[PDB]
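Peer 1: pasting an experimental structure, sequence included:
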Amino acid sequence: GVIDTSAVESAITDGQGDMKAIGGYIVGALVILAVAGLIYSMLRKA
Amino acid sequence: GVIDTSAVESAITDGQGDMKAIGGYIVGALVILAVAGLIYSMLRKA
Amino acid sequence: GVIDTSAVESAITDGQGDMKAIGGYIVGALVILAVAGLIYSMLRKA
Amino acid sequence: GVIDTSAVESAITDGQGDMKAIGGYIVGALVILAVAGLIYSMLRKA
Amino acid sequence: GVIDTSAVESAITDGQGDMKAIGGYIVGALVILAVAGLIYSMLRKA
Amino acid sequence: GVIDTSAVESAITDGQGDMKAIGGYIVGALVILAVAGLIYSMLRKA
Amino acid sequence: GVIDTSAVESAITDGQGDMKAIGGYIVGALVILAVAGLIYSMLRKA
Amino acid sequence: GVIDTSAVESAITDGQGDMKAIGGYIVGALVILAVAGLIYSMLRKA
Amino acid sequence: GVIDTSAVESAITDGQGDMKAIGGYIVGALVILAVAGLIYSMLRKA
Amino acid sequence: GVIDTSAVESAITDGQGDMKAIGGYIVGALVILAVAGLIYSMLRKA
Amino acid sequence: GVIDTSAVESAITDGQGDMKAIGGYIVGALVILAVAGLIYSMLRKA
Amino acid sequence: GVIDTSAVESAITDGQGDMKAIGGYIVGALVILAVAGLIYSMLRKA
Amino acid sequence: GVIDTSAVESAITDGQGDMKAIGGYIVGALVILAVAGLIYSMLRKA
Amino acid sequence: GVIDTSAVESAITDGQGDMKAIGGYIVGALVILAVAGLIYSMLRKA
Amino acid sequence: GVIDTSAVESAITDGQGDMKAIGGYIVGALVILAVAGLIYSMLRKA
Amino acid sequence: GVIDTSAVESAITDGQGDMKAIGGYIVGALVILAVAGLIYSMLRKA
Amino acid sequence: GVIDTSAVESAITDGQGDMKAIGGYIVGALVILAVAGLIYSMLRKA
Amino acid sequence: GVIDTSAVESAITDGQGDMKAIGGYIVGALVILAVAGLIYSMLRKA
Amino acid sequence: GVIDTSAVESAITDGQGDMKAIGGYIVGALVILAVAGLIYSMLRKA
Amino acid sequence: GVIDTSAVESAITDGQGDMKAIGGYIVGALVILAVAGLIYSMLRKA
Amino acid sequence: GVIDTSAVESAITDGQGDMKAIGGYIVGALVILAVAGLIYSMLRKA
Amino acid sequence: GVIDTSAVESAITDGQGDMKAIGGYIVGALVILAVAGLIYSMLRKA
Amino acid sequence: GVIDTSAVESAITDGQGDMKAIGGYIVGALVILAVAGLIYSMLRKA
Amino acid sequence: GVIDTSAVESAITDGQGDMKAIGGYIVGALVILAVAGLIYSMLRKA
Amino acid sequence: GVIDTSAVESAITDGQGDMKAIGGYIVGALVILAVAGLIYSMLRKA
Amino acid sequence: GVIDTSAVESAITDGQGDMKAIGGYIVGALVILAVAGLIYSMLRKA
Amino acid sequence: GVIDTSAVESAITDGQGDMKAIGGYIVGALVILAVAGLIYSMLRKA
Amino acid sequence: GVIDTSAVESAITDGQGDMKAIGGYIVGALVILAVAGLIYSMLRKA
Amino acid sequence: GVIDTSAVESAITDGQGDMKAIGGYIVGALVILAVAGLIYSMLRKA
Amino acid sequence: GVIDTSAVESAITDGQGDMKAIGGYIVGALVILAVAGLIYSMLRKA
Amino acid sequence: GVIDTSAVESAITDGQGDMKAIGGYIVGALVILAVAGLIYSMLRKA
Amino acid sequence: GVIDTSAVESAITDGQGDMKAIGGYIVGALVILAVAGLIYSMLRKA
Amino acid sequence: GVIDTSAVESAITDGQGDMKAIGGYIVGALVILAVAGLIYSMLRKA
Amino acid sequence: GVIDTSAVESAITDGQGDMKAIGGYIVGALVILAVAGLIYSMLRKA
Amino acid sequence: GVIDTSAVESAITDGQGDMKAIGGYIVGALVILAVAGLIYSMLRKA
């Protein structure tokens, strides 16, 4: 008997690996929103 | 007479054993989702 | 005359005996599924 | 006959146990959001 | 003639008996989800 | 038959219990904002 | 012939019975959210 | 001549008799599943 | 010759009869879910 | 055949019934906000 | 030969019939939400 | 010579005759399942 | 088939109806502010 | 020799014939679900 | 073979039809808000 | 259906009611300023 | 639709009405100053 | 498809219509201030 | 069936109750501003 | 030998054919939602 | 295969079309505010 | 796309137009003051 | 509902009260100027 | 063996293709909102 | 001796052959579902 | 349920408390202006 | 992939374009105020 | 003896092979959704 | 069961703590404005 | 006598042997599903 | 195994790319507001 | 990332540039007042 | 059995960790707004 | 695991960086106002 | 947890720091006005 669930350990890892990519790159675009909003509020201020 | 259902006791155990692997490693990827979502909500916040 | 169906009484009993094994050990693996699913749903929740 | 659903009682308990972890630690991050938002509103105020 | 389906009456009863266990204990973990979600929504609220 | 949804009655109650905490303590910080704003307006006034 | 689906009539009723509990107690916690939000908006108002 | 198939009429009747037992008691356990599922869905709902 | 499949006509009818019971009573519990959900959404609304 | 969806007609009605309660009583608190704001603006005016 | 699937034509029709009930009455409660929300927004407006 | 297999022609016909009964009446109970399932899905829907 | 969205036509109308109330009565209080401000400026003038 | 499997050609055809009935009428009830869901989403929208 | 998805073409159309109703009538109430807000701002202006 | 926006009609009225108070009493103090200024100018005159 | 800005037409009119009062009565006191100044200059003259 | 934003064209127009009222009548009261101020300055002059 | 939205009637009432507190006490501080401003203008006057 | 799975090629094609209908017509109703939402947001905007 | 998202191209266009209406007509009312404010400031000036 | 800010060009122009009116007519009254003051000083002179 | 604008009635009164003080005491110093000026003119006279 | 998932490669591509349409055209309507809002803020400004 | 299981080799092959047909054509209809779902989610998105 | 808006009663009170400070001390500096102006006018007088 | 945010570049430009219009024409009316004020001060001067 | 499960090793591999296709191409369409949503949120932002 | 909302009690407290900082230090800068304005008015006075 | 069931021991072993192949390789394709689903959920998330 | 989330890296980048466009061009219009406001305040000044 | 706030540096500069214009030209008119006042005082002198 | 939700404890912590970063750095930019606003108000003051 | 919120640290910094630009350059224009106002007051003085 | 509002303490301080600059330097120019006015009054005196 057996069952090599070793290709899982690996394969799942890539899964996390890509979500860090999506997870990071995603944020990169929320900063543009962010800062562009501080500035927008600086100008309308004075 | 007899019937050695001892290879079961064992063999099934591996079954659980691998599901803890899938069961754990699976969660590892739900945290990436999770945290990447707190941060996403921190940035859009302020 | 006669017919010793006593080796049956016994032999069948083992039959039940092993099915409790399969029957129990089997469930042991449905809990791993179970709990690993509550947790999976806790994380995706918040 | 029988069926030892005692490994369930236990195993499920851990399930709750971990969800209190996820459940608590999760909130720990909603306070950071929270307070960081009161302050954000104090500054923009005056 | 006969057929003692009395060991059934009993044996099935345990079946229900254990499902109340699984049935209850299962819910115990859906409350943790539940409440942890009210609170999560209280904090993000104000 | 049965289903002890008594652990709910309780468990949910804590849920409300904590939201009164969050609910109160939250307000404690909206007063600081509040008063600090009356005063801010008193000074700029005269 | 027959089939006593009378234990259903009953057993299902409890089902509704408990959902009124969950159904009510659940709402009890949405009011805390609610009111705590009117007040939160009263203070930030003036 | 003859053939007393009267012990059949009877003996078969018990057969039905026991299947009503199995048939009923069996259902008793499908309600536990049932209700425990309505409640499970009430909690996850709100 | 013959074959009195008249006990079927009847016996099956009860079958439908009970499924209307299960079929109705079942729905009775989906309304509790339903309404308890409209209200839940009314409160969180305003 | 049949299916008494009459307990729905009723049960849903209560649903609306309670939302008028929440719906009305909710507004009662938006007037306090409202008027308390006209007055707040009368005083700061002159 | 044959197969009277005429009791279907009918029986299914009731099925639609009741879903128009649920389908309509359901909406009746989404208007209460709706309007109660326009008004809620009128008051907080001025 | 001969062999009157005419009592067959007939006798078999009844066989079909009863299976249309079982065959129809059987379906009558699959509609109850059916419709009771559309409705069940209408309610949980909205 | 169908769907009586006629209770909407009506129900929404009341919605507008009440907002004219809030909408009008609201203004009634902005005139008091208004005039009380012309007069306030007449007196401080001479 | 022979074997008139002509009563099949026919008899099976009815089989398809009725499944178009069940197949169509069945869908008639999935539209009610469908549309009643677009509308449900229109109202909750604005 | 076949499948009359013609009752769909129609039935869906009504779906759109009603959403134009909800869609229009809904807006009718956003104008009341709108105009009542221009006027509110005219008065507080001078 | 309904929505008793009658508690508004009333409640808003008080709003105006109090602003007449603030509105009047406010002026009472602008006369003191006023007259005290005519006199101040009479004396410095001759 | 509508918006009765008729209570304005009126209410504003009173506004003018009172300013004629303040406007007139105010002048009444500038004549006393005036004449009392001609006389003051007549006496100091000769 | 469609969307009758014709009730807007109209409804908004009234909005302007009333603001001309407020806009005009408002000025009517700034003239009283105005003239009453020329005269006030004529008298104090000589 | 049922749904005790009676704990709402009450709970919401407190909501209004506290907003009268915030609503009143808030004004208490706008008078200090107010009067302190009349006096400030009396002194700078003469 | 053989097996004319040619009536499949065809019959399945209709299957796709109807899903394009459902698939298209379905979208027709998501645009009404869509646009009616842009407009809803235009009005509440200014 | 296919998917006629051509009814979108169109339908969305109307969406823009109406927002130009709301968008323009909306401004028409901000000019009345505007000019009525220049004049208001001309009069109070001299 | 577009935005007809042409009704502005016009509407604003009237704004200037009326301020020339107020602007001129206003001066007409400062001459009366003026000349009436030269004469007042001629008489008191000799 | 309510709003105790009674603390205003009072609080404003003090406002007038103090302005009579400032208003009177202020004049006390304009007499010293006054008389000291009659005398100054008596002496330089003869 | 085989499986021509080539009709996927294609068919999915159209999927993206249409979402660029919806994706673009959608934005076209967010600019109208956008600009119409800059202008709205220019006018109310001066 | 012998046994020509050569008509099998062939005949089975057709079996696979047709399942590739069913297997492919089947998928063709899961893409329509698929894409029609991406688009459905694009529209409801913005 | 509850909501201790008692920390408000207090906290707001301090708010008034400090504004009396600012409110008083502020005036202390308007007297210096005041008197220093009577004297300035006494000296330039004679 | 793609996303033609080119209709933005353009559309926004018009936005600026119109604000220069409002921005300029607006000033045209502040000069009338301006000059009409120099002259007003020249006349009252001598 | 034997059993060439080698055509499996291969055949299954294609299975994975195609799911990477579906798996990838599928994502290609979730990015369009994604980005088109960042942009949608950038525009509505400022 | 449980939920340690104790890290909230604390964490929120810091929130208030920092707002007292911002709240105080903020005022420190409104005094500079204040006093620098009394003096500015003393000098321009005499 | 005898019976060499030794070719079984062996032959069956291969049976298990191949099922590990099918058993493993099968899973290899459930991971592709799995991961491709985490990622699908990451993208739609933010 | 694999999953080419490389088309993401790219595709998301464009997302940021366009938001810099919207982000910049957006600001271009807040300066027009800005400067047009300094000038507006220069003119009304002197 | 980035944000070209370079169009600001420039655009603001023009802002100052025009205020020097308004700032200078404005003064040009205060000299006319000035000198015309020295002369006015020379003539009335002797 | 088991389930190592230890990688959560950790992973979530980073989540908070980064939100303190976003949470702090975010505020750093609200001070620039803040102070730049005190100064802006100092200059326009005198 | 991880999440590189390092592109934030940076990106936000630029945000502050640009607000110092807007923040400074903005003030540059409040001085022109300022000084141009001292001078304006010097000339009108003598 | 935490929140370093230490960069505030500092940053705000500079805010005061610069206002002392503006606050002082501003006065420097009110003395020039002042003295230049004493002298102006000395000369016109004798």
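Peer 2: Here it is on my side, so go on. Residues are numbered from 1 along each chain as shown, chains lettered A, B, ... in the order given.

Peer 1: ok, now how distant is the residue in chain A that chain J sits nearest to from residue AE:37?
Peer 2: Chain J sits closest to residue A:45 of chain A, with a gap of 22.3 Å, by CB to the nearest CB. Where you see a C-beta, it was placed from the backbone N, CA and C, and this is true even at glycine. Per CB to CB, to the nearest Å, residue A:45 is found 11 Å from residue AE:37.

Peer 1: again, but for residue A:24
Peer 2: For residue A:24, the distance to residue AE:37 - CB to CB - is 40 Å.

Peer 1: kindly report the same for residue A:12.
Peer 2: 57 Å.

Peer 1: between the two, which is the more surrounded one?
Peer 2: Between residue A:12 and residue AE:37, counted using other CB atoms under 10 Å in any protein chain shown, residue A:12 has the larger neighbour count: 22 against 19.

Peer 1: could you find the closest non-adjacent residue to the more buried one?
Peer 2: Sequence neighbours aside, residue B:25 is the residue nearest to residue A:12 in space, at 4.6 Å (criterion: CB to CB, 6 or more residues apart in numbering or on different chains).

Peer 1: which elements pack onto whichever helix or strand the one you found is part of?
Peer 2: In the assignment (DSSP states H and E), residue B:25 maps to helix B:6-45. On a contact count with 3 or more CB pairs under 8 Å, 6 or more residues apart in numbering or on different chains; DSSP states H and E, helix B:6-45 meets helix A:6-45, helix C:6-45, helix D:6-45, helix AD:6-45, helix AG:6-45.

Peer 1: output the ones you listed as a markdown table; include the columns distance to residue AA:17.
Peer 2: A markdown table is the format used below for the helices and strands packed on helix B:6-45 (distance: least, CB to CB, whole Å):
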| stretch | distance to residue AA:17 |
| --- | --- |
| helix A:6-45 | 18 |
| helix C:6-45 | 48 |
| helix D:6-45 | 31 |
| helix AD:6-45 | 38 |
| helix AG:6-45 | 28 |
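
Peer 1: sorry, back to before: check which residues of the helix holding residue B:25 are buried.
Peer 2: Across helix B:6-45, burial judged by 16 or more other CB atoms under 10 Å in any protein chain shown covers B:12, B:15-16, B:18-19, B:22-43, B:45.

Peer 1: tell me who's in contact with the residue lying closest to residue A:34 once chain neighbours are set aside.
Peer 2: Closest residue to residue A:34 in three dimensions, ignoring its sequence neighbours and counting by CB to CB, 6+ apart: residue B:43, at 5.4 Å. Counting by CB atoms under 8 Å, 6 or more residues apart in numbering or on different chains, residue B:43 makes contact with A:27, A:30-31, A:33-34, AG:22, AH:8.

Peer 1: let's see that with 6 Å instead.
Peer 2: A:30, A:34, AG:22 (CB atoms under 6 Å, 6 or more residues apart in numbering or on different chains).

Peer 1: got it, and residue A:18?
Peer 2: Residue A:18 sits in contact with AD:39, AE:3, AE:5, where contact means CB under 6 Å, 6+ apart.

Peer 1: what sits closest to the first one if chain neighbours are left out?
Peer 2: Looking back up the chat, that one is residue AD:39. residue A:18 is the one closest to residue AD:39 (CB to CB, 6+ apart), at 5.3 Å.

Peer 1: separation between that neighbour and chain W?
Peer 2: 58 Å (CB to the nearest CB, to the nearest Å).

Peer 1: can you tell me how far that residue sits from chain D?
Peer 2: 23 Å.

Peer 1: look up how far chain L lies from that residue.
Peer 2: 35 Å.

Peer 1: residue of chain A closest to chain D, please.
Peer 2: residue A:41 (8.2 Å).

Peer 1: before we move on, which element is residue A:4 in?
Peer 2: Counting by DSSP H and E, no helix or strand carries residue A:4.

Peer 1: I figured residue A:32 hits residue AE:15, correct?
Peer 2: No - look at residue A:32 against residue AE:15 with CB atoms under 6 Å: they stay out of range, at 8.9 Å.

Peer 1: residue contacts, the residue most central in space within chain A?
Peer 2: For chain A, residue A:23 is the residue whose C-alpha lies nearest the centre (CA atoms, centre = their mean; 1.2 Å). Contact analysis of residue A:23 by CB under 6 Å, 6+ apart lists B:32, B:36.

Peer 1: check the burial of the residue of chain A found nearest chain AC by counting its neighbours.
Peer 2: The nearest approach of chain A to chain AC comes at residue A:46, 15.5 Å away (CB to the nearest CB). Neighbours of residue A:46 under the rule other CB under 10 Å: 22.

Peer 1: ok, it to chain I distance?
Peer 2: 37 Å.

Peer 1: check contacts around that residue.
Peer 2: AG:40, AH:26.

Peer 1: and the gap between it and chain N?
Peer 2: Taken as CB to the nearest CB, the span from residue A:46 to chain N is 37 Å.

Peer 1: my guess is the residue nearest to residue A:12 meets residue A:13, correct?
Peer 2: No - applying CB under 6 Å as the test, residue B:25 and residue A:13 come out as separate, 7.6 Å apart.

Peer 1: hang on, residue A:15 packs against residue AD:38?
Peer 2: Yes - with contact defined as CB under 6 Å, residue A:15 reaches residue AD:38; the gap is 4.8 Å.

Peer 1: what touches both of the two?
Peer 2: residue B:29.

Peer 1: which residue, other than its chain neighbours, is closest to residue A:35?
Peer 2: Residue A:35 sits nearest to residue AH:15 (CB to CB, 6+ apart), 3.6 Å away.

Peer 1: with residue A:32 instead?
Peer 2: Per CB to CB, 6+ apart, closest to residue A:32 is residue AE:19, 4.6 Å.

Peer 1: pretty sure that neighbour is touching residue A:30, no?
Peer 2: No - the pair residue AE:19 and residue A:30 does not pass the contact test of CB under 6 Å, sitting 9.6 Å apart.

Peer 1: who are the neighbours in contact with residue A:36?
Peer 2: When contacts are counted by CB under 6 Å, 6+ apart, residue A:36 touches residue AE:23.

Peer 1: check residue A:33 too.
Peer 2: In this structure, residue A:33 makes contact with residue AB:42, judged by CB under 6 Å, 6+ apart.
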